[PDB]
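Chains as they are written, first to last, in full-length UniProt numbering: chain A, 2 to 121, 128 to 495; chain B, 2 to 495; chain C, 2 to 495; chain D, 3 to 495.
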Amino acid sequence: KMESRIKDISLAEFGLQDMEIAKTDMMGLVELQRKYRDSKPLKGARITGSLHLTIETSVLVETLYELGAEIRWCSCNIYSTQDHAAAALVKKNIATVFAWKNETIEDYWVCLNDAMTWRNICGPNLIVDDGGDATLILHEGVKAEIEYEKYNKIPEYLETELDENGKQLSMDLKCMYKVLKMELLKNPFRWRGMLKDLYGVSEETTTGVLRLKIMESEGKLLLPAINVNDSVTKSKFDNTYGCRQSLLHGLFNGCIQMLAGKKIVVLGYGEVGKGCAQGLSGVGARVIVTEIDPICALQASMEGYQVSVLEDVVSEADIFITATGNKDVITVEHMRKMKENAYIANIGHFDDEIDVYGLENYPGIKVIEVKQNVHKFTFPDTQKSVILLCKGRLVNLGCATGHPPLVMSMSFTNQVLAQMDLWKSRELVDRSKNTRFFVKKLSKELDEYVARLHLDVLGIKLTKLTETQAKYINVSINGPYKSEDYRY
Amino acid sequence: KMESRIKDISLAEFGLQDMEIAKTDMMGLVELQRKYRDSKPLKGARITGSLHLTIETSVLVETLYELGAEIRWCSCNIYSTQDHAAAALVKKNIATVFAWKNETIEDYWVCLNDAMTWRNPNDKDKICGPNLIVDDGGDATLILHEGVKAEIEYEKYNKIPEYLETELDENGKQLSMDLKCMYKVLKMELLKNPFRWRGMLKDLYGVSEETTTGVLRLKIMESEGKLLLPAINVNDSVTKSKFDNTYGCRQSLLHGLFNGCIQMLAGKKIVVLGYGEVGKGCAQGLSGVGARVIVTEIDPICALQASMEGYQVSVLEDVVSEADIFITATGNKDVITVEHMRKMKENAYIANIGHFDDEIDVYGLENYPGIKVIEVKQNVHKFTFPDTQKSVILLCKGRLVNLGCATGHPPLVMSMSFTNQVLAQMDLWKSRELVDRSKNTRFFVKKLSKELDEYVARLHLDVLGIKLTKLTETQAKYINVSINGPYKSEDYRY
Amino acid sequence: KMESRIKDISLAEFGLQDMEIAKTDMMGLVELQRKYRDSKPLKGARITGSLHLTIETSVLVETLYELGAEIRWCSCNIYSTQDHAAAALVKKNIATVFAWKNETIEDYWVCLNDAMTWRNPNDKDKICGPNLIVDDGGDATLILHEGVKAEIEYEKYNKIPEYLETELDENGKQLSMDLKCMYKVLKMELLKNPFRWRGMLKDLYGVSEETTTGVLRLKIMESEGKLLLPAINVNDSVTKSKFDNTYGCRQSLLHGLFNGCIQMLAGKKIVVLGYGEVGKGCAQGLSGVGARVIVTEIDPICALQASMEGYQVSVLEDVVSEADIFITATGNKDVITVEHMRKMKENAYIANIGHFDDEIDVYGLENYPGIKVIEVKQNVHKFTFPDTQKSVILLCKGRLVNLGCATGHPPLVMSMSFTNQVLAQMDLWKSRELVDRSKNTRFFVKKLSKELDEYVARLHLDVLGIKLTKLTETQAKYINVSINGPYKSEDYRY
Amino acid sequence: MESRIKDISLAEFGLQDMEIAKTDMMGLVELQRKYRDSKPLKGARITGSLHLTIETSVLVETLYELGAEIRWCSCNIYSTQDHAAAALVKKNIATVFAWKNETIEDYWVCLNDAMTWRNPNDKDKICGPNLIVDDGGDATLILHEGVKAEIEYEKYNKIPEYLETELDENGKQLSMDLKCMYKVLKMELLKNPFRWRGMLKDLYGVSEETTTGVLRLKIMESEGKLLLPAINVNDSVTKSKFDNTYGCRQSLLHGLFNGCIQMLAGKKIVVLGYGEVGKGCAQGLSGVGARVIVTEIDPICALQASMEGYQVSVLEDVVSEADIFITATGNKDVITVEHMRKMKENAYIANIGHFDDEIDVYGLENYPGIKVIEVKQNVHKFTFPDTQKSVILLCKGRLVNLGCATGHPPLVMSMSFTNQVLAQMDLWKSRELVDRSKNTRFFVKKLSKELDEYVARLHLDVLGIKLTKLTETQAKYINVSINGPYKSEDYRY
Ligand SMILES: NC(=O)c1ccc[n+]([C@@H]2O[C@H](COP(=O)([O-])OP(=O)(O)OC[C@H]3O[C@@H](n4cnc5c(N)ncnc54)[C@H](O)[C@@H]3O)[C@@H](O)[C@H]2O)c1
Ligand SMILES: Nc1ncnc2c1ncn2[C@@H]1O[C@H](CO)[C@@H](O)[C@H]1O
Ligand SMILES: [Cl-]
Ligand SMILES: [Cl-]
Ligand SMILES: [Cl-]
Ligand SMILES: [Cl-]
Ligand SMILES: [Cl-]
Ligand SMILES: [Cl-]
Ligand SMILES: [Cl-]
Ligand SMILES: [Cl-]
Ligand SMILES: [Cl-]
Ligand SMILES: [Cl-]
Ligand SMILES: [Cl-]
Ligand SMILES: [Cl-]
């Protein structure tokens, strides 16, 4: 496909308006445009992006374009796209987009595959990823081509509708496999052909980084990678403060009830859980925390929160928010013990945290649409119901518009810097000898730079060290100011 | 009009779903239905309501209906109606509704007038008014009193009064759109029947007023001896002012800002003008998500309260150029002027949470010479001045942002406010016989008792799993109160 | 007793230093001194005070002195006196003081009686009483009323009444130490002069009551027609109840706990019994340092307020075995019983912040069969039950922890409370002539006006750099108030 | 030989507080229960330089129950709790040299005494400790400076001139701490010029408790001057994220409430430094209604403060209007005399960073014609002669939480001290690998994440925390062991 696939081009005007307003606070991206718009450090680069296509993301895409790159983009979640944002990008020819709000799981993988396809067929030079789906289709595509040549037929794991243990494959796996199968019939050298020109990936979130580290250990990582999620100016701000506002927005839109005085269980008290808890407390809720890490559990106590095992609180709590990045944290057996009209939502990257499949396929269960992406499930034996927000997917992006511009600018300034780093290192990626790669992070020098670029947004005034002071604490006047192990 | 005027009847199904979910937390109204649905304490009563037609309001209307009343309803703001809620009411024949989201100011007054019009049960042909009124902001009460004034002035000179035909006030300034459109309706009614409004007085037994601003208008009429019917101040029940006004807004304001303002609130300087019941709640919510609240206030006691909560207290002039967002919660007039807005910084957001659009000089802004306006989104406008080229974003034309850009307060707290409403309506209706107009031309404003105020609270304890302690005989005697209450003096401030 | 009784006069220098520092924030008292030191509105008045003798109280006493009054003072609690503050007053001859930290209950009543005793200015040999009383808790008011009762009963049978000699109450139970020691003083005074107390009535013009508990005792006397002098309820001024009671305790409780309890508050389950003016503040402070507050309450309205602030509301029975710390703020009796304390866990801390030691059954605990007690530190005792071998730590024998283990509320907020006191004393004194005892005559309890309540707040705005906004003529008219106030209705709850 | 303390009769009150404190110090209670029989530290001589509080008494008791002989001194002239010191000497747990309100001269004599041990083989001779528990780096400093002084003594065969002078290399007066330390080093060169180097033979390591002391250790490591192995206890997650932050949240307030008579609500309080400590200080101050203004040099920390609703300014722009100033930088000359002269009447100034350098106290006390008066125990009001304005300083610019109050509470100190005991056990168990016949560089290391999580587990029951346990599938999905560790080494919590 050389032209874009979006919902409505006429929404472009509203998108450009929001983009300009958003830029007031996205000073990091505005500075990169101002500074590098003439020198074009990314000239000639082909960038494919798999990341929530929001207004904030449009400014990221615009920044990459102003720096000389050609762009192809898709969203990393079926409900997160903002149609007016997508329209703005195609209206100005900044990028070729394959994204719309409320995609089917089938269309999600077709869009991702389209975004990965470039014309003279070849692939991208760089990848901006959030969740690891773009990275996954690449690696699984290479595996599928190896297995295809070995037996000279379509591999049986792609045609079966079951996994290795007899259980149904997830819809995401079936739809991806379906795309990989269609591509083996067109060209069985497609994916391995892309490797010649791939110079790296920037990964945005915790869950995607986990998938990258697993590949690194096993020696299966096929391109350089930069962990953007673990920059201080991303994990300590986006993950925490972003969700503090973003979760509330999502709950206010999907849940009609008052949060004050309710017992709200936050499962997981990591970077995201901490923020969720702050916001919920901020509007009068009584947060109960669930956690497996004894250090994180103690942190929750120190902030005045009760720490319990879900089993002891499931019958009495009013709302459940999963923020673990784990699997089967809320089971169907848990949901049956919940009380009438208990709300369930997820803010971790995938829909595995809540057993949504088990709930939808429960024998004789009744489901009704309460509103746009909010469903009420009623069990036949007890006659009790539970309300699920946007089928267990990211509520902050599914029921609302995700994090606001200021924090996304910090996350995206890191992305641009990561893309520039990977591109500037092209020459060192020699595949005639080195087919195996590692995950690295951006330096603390750049991490502090990202923070400096956003100080004027909030009228912050930094103090400057004197020569003597700098020497006393043993740091340079211009930084960095802390050790690599410092936790902020 | 004997049939309803709404946006879309097919949205009724979604409305009934939200109503059932909302009822999980609205235990006060659910209890009143359970208790009085058989005895019908309001049987035969004709109730007209002028109050934001939200899902929460649908449950209020349903409660009044289950208690035997016939209902006619309209919204008290052009942007607050939830079309699916309105559809649910007409779908089940609970009430006759005249309301839709995004009404014109002209249609607002026509809807209110329609809601006030009833067909005479004796002679299905003639016109009469309601027996009771549920009001929020005082507009239903205003059209009644101004209608009576207009009829007095009509008979005196035997012609349409000149104050209704002019488009200017007593000083040469343009009348507000709300006054022109109301006057236009009063004029049309003088041509149909010049005894319409005074005719309604025979059967009017009272009004329940929901908000601070409407109560102010009632107290002014009481002092001047111009109040034409009994009134109950629902806003000053402890279970309304200390919960709805404060905790309702804590959530409700944030919802409105999140929907209308795309920016992050954390670290921003947000000015909350007015630190009363509403301002206090607004400040709590804003702080809750990391904002730096600056407070403006005229009351030295309220100003000190703000300091004790860690907030800076300043005059708007000293903070207008640096602050990022402005929230008016004063119940006053011209708190944000055009001269203030010109000194604001690029893309500063302005919003109002007090009952009317007077707090911000919206008329002055829209009519500023050579100003450019553009719609950022549904009910959000960006105004750009021609000389400085700087812009300000206004949320829903300076009207209630919590109801204009969002869905207002959540069910739990509205159930507390509405349980008071039902009790007020039952009180006014039960006192009918004492309202003798052949002699008593003087009416007053009263409040519900503390006994009932505590009752409202008891009805909602199970929603949040609250467990009350019960006094022993000795304890009750020691603190000099009954085991069953009331537990505090009338002057207690909670 | 011409001369004072205090612990150590050499501590006077430190007291005068703290007084000057405290005055930086006590702008209300500093303004009254500046304004009235020349005109002496209280010249010739004899004032007896029964109120915690802290540095803050020294500035109150100094203010009354600069306004022309002669002063005699005692503390209203055996642990609250700050010896350096008492020394400062006697060093400068501002007042005659009878107070020291760690008084015995016996000495407490002797000090109060001494403070009530004055030398007749006409005939130096004879005795008389005060003209005005500054009271906190109602003990000065109590000894007066019980003294009059004792004299009536003395003349009736011409002998010492038997209720004063017995060590038991009407049901066989031991009298409280406070009753025994007061009775012992009243008995001595009947032997010196059986017309002493009734003689004081001739010149008594009123009492200013500082706290909730004392006001309750005044209202009971008012109903029964037993109140023998005019009274002003200072506690219910907005600038007292909404600041002192709430914000004072937010800091003051923490100070007390940090000094008496060695443990960390963060993450602990702390039960606050009573969520009134004081409880609300206690909860804010505790949350502020990471505690998990659980609330007990009998009032459904107050219970709901606690929920809205994110606190769990439970009955003590359901949380007594698991909670770590217990804080009583009810103004009630037997809220923590010995049966409750036996179910508590090892080294659970128990403290009280309500005015008297009745909230916790301290007598029952100290007299429990075979119980072992040990002093952990200055005014902190650990009690160990013999059967379970478990222990509970009690802070300063169940008396005011904020004043017993720490120094009470800080200057800023006490200045607001004490500015009301001075204004109350001036009011009572200026009304002398209207107090005619040759006639019926029932006395009542009244409050200060809102005009004065706002005045108190204005006097403290500069302390925190608060900038008030001023209403325009139009704005004042729109909201129907004077530009200079008052700004709210009498029923407004702030 | 025998201890030096204020009053032995206060011992009974100390033992009472120790037992109460142990209810929450479950980490130390568990170590005692577990290792009291096997005595993993048997035969070890431990010298400690750390605030002698009730909490510290439980640490000392734990080390004793594990078989060590102990000598102890405080690491600050105002932090000692006399009843705690008395308790240790009453039960013969340790030999103590500490009392509240020491003179700077006596502080260094106490530290030197604590470092002195009687040779077990030949009772006549002197030796040093095997292990050192340090907080601030003073025990580590006297050792290194003592070795330097002995090298310079033999070279020139005379007392080095830098020890006799009362001035530094630029003509400025030496700090009292340097003069008094030098005075002790000089006296020891006259008794025995091989004393300090003699201790090196048996030194197996030091556990450093605080940020500032770690900085001093890292400087020595870079320069190749570190003379013994070291463990950075301060950077364990169960120390920096709890003690530094949550400890101060309560501890600062306690100090201010005791030293400052004023109400904190509504006041503009400047917290200089928004690091681990600053964050906690700000939380507590906000908790009681103050309006916190933050000062910071780090753009990342500055942004963190904004996100919590705090204004971030340079001191110059807020010094005339702010009411209270709290230094938490670990830096030098953050509050100067020129700053204090611009402050308003009765502005309060306090420090919570480890040393008194953050505030120019020397400059203030020695200002021409200044008047000083004692407001109370360790609180002084200084009045400038030209403007007539005054500033109140809390405990001469030293740790206000420990100077005006009792420091952090037991729960968090148990977490910090459980790390200490584990560090001491680690250093002692590695003795054999410390071979000085080969002159190797010594480095600073940290405890493992396995142990860091262990410390947290030991304190879960104190607050009734209930941990969830991962299933086999879950553990595999997130790629961790069911028993941990649960996070990567770079994770910031
Ligand atoms: N009182 C206590 O009980 C206690 C407890 C723990 C640590 N400490 C001490 O507190 C100090 C700080 O500890 P930490 O762990 O927070 O250190 P940290 O590095 O975490 O924080 C120090 C902060 O100060 C900032 N800073 C440095 N110089 C500055 C200047 N001139 N102006 C503004 N900001 C400046 C740094 O950027 C940093 O954010 C250390 O001296 C440490 O020993 C004391
Ligand atoms: N408004 C937004 N636009 C784009 N990405 C977002 C937004 N809000 C959150 N995210 C990203 O989505 C990721 C989770 O999929 C987060 O780690 C975050 O970086
Ligand atoms: Cl619990
Ligand atoms: Cl490093
Ligand atoms: Cl229509
Ligand atoms: Cl200011
Ligand atoms: Cl002009
Ligand atoms: Cl005597
Ligand atoms: Cl005057
Ligand atoms: Cl519960
Ligand atoms: Cl054992
Ligand atoms: Cl030499
Ligand atoms: Cl030299
Ligand atoms: Cl500012």
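Think of the CB as a built atom: it goes at the ideal place given N, C-alpha and C, for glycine as much as any other residue.
Review point. Does residue 350/B come within less than 9 Å of chain D when only Cβ atoms are used?
Key: Output row for residue 350/B: interface = no.
Review point. What does residue 362/D touch in chain A if you count any residue whose Cβ is under 9 Å from its own?
Key: Simply none; closest approach about 12 Å.
Review point. Using a threshold of 8 Å, is the CB atom of residue 51/D nearer than that to any non-hydrogen atom of ligand 10?
Key: no
Point to revise | Contact test: residue 466/C Cβ vs ligand 6 heavy atom, cutoff 8 Å | key: yes
Review point. So with Cβ pairs under 9 Å, would you call residue 276/C a contact of chain A?
Key: Not closer than 9 Å to any Cβ of chain A, the Cβ of residue 276/C fails to qualify, so no.
Exercise for review: Rounded to whole angstroms, what's the CA-CA distance from residue 461/A to residue 248/A? Just pull it up for me.
Suggested key: 15 Å
Practice item. For chain D, find out if any of its Cβ atoms is closer than 9 Å to the Cβ of residue 265/A; answer yes or no. Key: no
Review point. Cβ of residue 20/B less than 9 Å from any chain C Cβ?
Key: no
Practice item. Check each candidate in 441/D, 418/D, 450/D and name the one with the smallest Cα separation from residue 428/D. Key: 450/D
Check your understanding: Does residue 489/B get closer than 9 Å to chain C when you measure Cβ to Cβ?
Key -> yes
Check your understanding: Less than 9 Å separating the beta-carbons of residue 405/A and residue 280/A?
Key -> no
Point to revise | C-alpha gap between residue 301/C and residue 383/C, whole angstroms | key: 35 Å
Point to revise | Close Cβ partners of residue 47/D (< 6 Å) along its chain, the five nearest in sequence each way excluded | key: 71, 119, 131, 132
Point to revise | Chain-ordered chain D contacts of residue 309/B [CB-CB under 8 Å] | key: The contacting residues are 267, 268, 291.
Review point. Applying a beta-carbon distance threshold of less than 8 Å, which residues of chain B neighbour residue 461/C?
Key: 305
Point to revise | chain A contact for residue 407/B (CB, 9 Å cutoff) | key: yes
Practice item. Could you tell me whether the Cβ of residue 294/B comes closer than 9 Å to any Cβ of chain D? Key: yes
Review point. So, is residue 183/D buried or exposed, given that buried needs 16 or more other C-beta atoms within 10 angstroms?
Key: buried
Point to revise | Nearest-angstrom Cα separation, counted from residue 94/C out to residue 56/C | key: 16 Å
Review point. Can the beta-carbon of residue 145/A be found closer than 9 Å to that of residue 438/A?
Key: no
Point to revise | Sheet register partners of residue 234/B (DSSP bridge) | key: 210/B
Practice item. Could you tell me which chain D residues have their CB closer than 8 Å to the CB of residue 346/A, listed as they occur along the chain? Key: Simply none; closest approach about 21 Å.
**Study point:** Between the CA atoms of residue 199/D and residue 149/D - distance to the nearest angstrom
**Key:** Approximately 6 Å, taken between the alpha carbons.
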